[PDB]
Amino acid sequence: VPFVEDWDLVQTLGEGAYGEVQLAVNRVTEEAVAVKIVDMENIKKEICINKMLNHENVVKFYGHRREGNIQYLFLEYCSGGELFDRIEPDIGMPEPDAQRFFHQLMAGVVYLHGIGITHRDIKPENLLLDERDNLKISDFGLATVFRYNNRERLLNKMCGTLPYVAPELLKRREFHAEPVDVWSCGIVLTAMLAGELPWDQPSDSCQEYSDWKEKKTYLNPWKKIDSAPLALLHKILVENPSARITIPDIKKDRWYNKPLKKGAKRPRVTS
């Protein structure tokens, strides 16, 4: 079929340091995909990691094209935008919505860790939503392989965003990959339930971080979070990464398994 390979760039979705994310519409089919334009090894890893990924809660990779020194990454379009924009400042969002997003985030991270990939920069800006509000993990620019040939490799590289980084990244030379992603998911859950970030960074110099370790939960943001999801945050936001809760145990948590959310409103008539 002629002209099926032609895609029109119709709007700027976002703009980062690596470049810009454009909305691309197929000339013939009108299928919408997002195109990440990277004006360049840094992207060669993002492409390689993206070729491995195939999960309903992970942004799909369709292919890539190189036009000189510019790389075009054909990625899944998520019309719902960023999870960040669904968080009302100093409020958050209704608890059943946050539980559904946290469930979908856990399915995505279980999958990633299961194939030996660590995202290393989980935050609401990178958690995208489709037309049906299905969460998708995006941007594998900071991601890496932590398990290869069933052998785990300890990480040492400084990566992420300070309010979401685990404290062992600032205190230890080496650390396990999986508890780092579990921690950032915990900060994401906190943000969704309180509409604010607990601390600038997880260090003792940060009074908000010291207060959390001293269990001063009568203070913000913890005061806004109900006891059942707060009990889960007490297990995620544990300084020692070896004592920190694992995802198989997050799935057994009381709040995680608490019925709260109704299914998508389906059409109905009376009489």
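Residue indices: 1-based, along the sequence shown. By rigid core we mean the largest C-alpha set that fits within 1.5 Å across both forms.
Once the rigid core is lined up, would you tell me whether 65-73 or 230-238 has the higher RMS CA deviation in 5 other deposited structures of this protein?
-> Between the two stretches, 65-73 moves farther in 5 other deposited structures of this protein.
Does residue 39, which is modelled here, drop out in at least a third of the other compared PDB entries?
-> No.
What is the count, as a class, of unmodelled deposited residues between residue 243 and residue 244: none, 1 to 3, 4 to 9, or 10 or more?
-> Gap between residue 243 and residue 244: none.
Of the two stretches 151-159 and 71-79, which shows the higher Cα B-factor on average in the entry?
-> That would be 71-79.
Given 199-207 and 224-232, the range whose Cα B-factors average higher in the PDB entry | Between 199-207 and 224-232, it is 199-207.
Out of 238, 49, 28, 43, which residue has the highest Cα temperature factor in the PDB record?
-> Of the options given, 43 has the highest CA B-factor in the PDB entry.
Lowest, middle or highest third of the chain for the C-alpha temperature factor of residue 174?
-> For residue 174, the deposited C-alpha B-factor lands in the middle third.
Going by what the PDB entry lists, where does residue 181 fall on CA B-factor within its chain: lowest, middle or highest third?
-> It falls in the bottom third of the chain.
Would you mind ranking residue 131 by its C-alpha B-factor against the rest of the chain and naming the third, lowest, middle or highest?
-> For residue 131, the deposited C-alpha B-factor lands in the highest third.
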